[PDB]
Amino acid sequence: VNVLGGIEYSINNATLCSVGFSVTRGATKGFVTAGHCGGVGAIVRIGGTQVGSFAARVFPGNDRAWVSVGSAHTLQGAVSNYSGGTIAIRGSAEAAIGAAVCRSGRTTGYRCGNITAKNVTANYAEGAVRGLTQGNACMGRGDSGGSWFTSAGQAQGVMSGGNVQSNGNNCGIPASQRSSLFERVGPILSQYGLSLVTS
């Protein structure tokens, strides 16, 4: 199967999240995502087929993980735009507050907005997660773990949480009322010694 930022994956055949970014660790294939999407060892399926499992995770405190992908599968250094195309990923340079940013995930597809704050703490039900970056692109339950990136292709981070409304998303309110929080990708790559697949 092809691994691509933003696409749906299932965890333990029970819940859903979205791929963050294809990565490698030496010859080992994988992708980064949110830690709250799966406990260690959780079985991951994409496109109706087992592709690997949660290799490591931190959540709460942080909210990060990577899923090691079996060698039979192909990694794509890109993110889906949910209309038949991809956006090439070219690096992980972090963007400043006010910069434009988009995200991609299985519930709301491809959505754009701006970076609006950094080093935010989310008081999730499972506990605090610190150091999150906030944007005002909208998102919904199921987009978690999915890619955040600038249009020029710099990976920002993986979808963590935010102020979803009773319909399960914050797309029904204007961007100015939105709080959509992602875990910065830089520390995930560093902690686990992973390399972005680029194109």
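For every residue, the number given is its place in the sequence shown, counted from 1.
Set 95 to 103 against 121 to 129 and average the Cα temperature factors; 121 to 129 ends up higher. Sorting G145, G30, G162, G135 by the CA temperature factor given in the entry leaves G162 at the top. In the PDB entry, the Cα temperature factor peaks, among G26, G157, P174, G39, at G26. Among all modelled residues in this chain, the alpha-carbon of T108 has a temperature factor (C-alpha) in the lowest third. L75: CA B factor in the highest third of modelled residues in this chain (values from the PDB entry).
Among all modelled residues in this chain, the alpha-carbon of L16 has a temperature factor (C-alpha) in the highest third.
Annotation for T86: CA B-factor lies in the highest third of the chain's modelled residues. The deposited CA B-factor of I46 belongs to the highest third of values across its chain.
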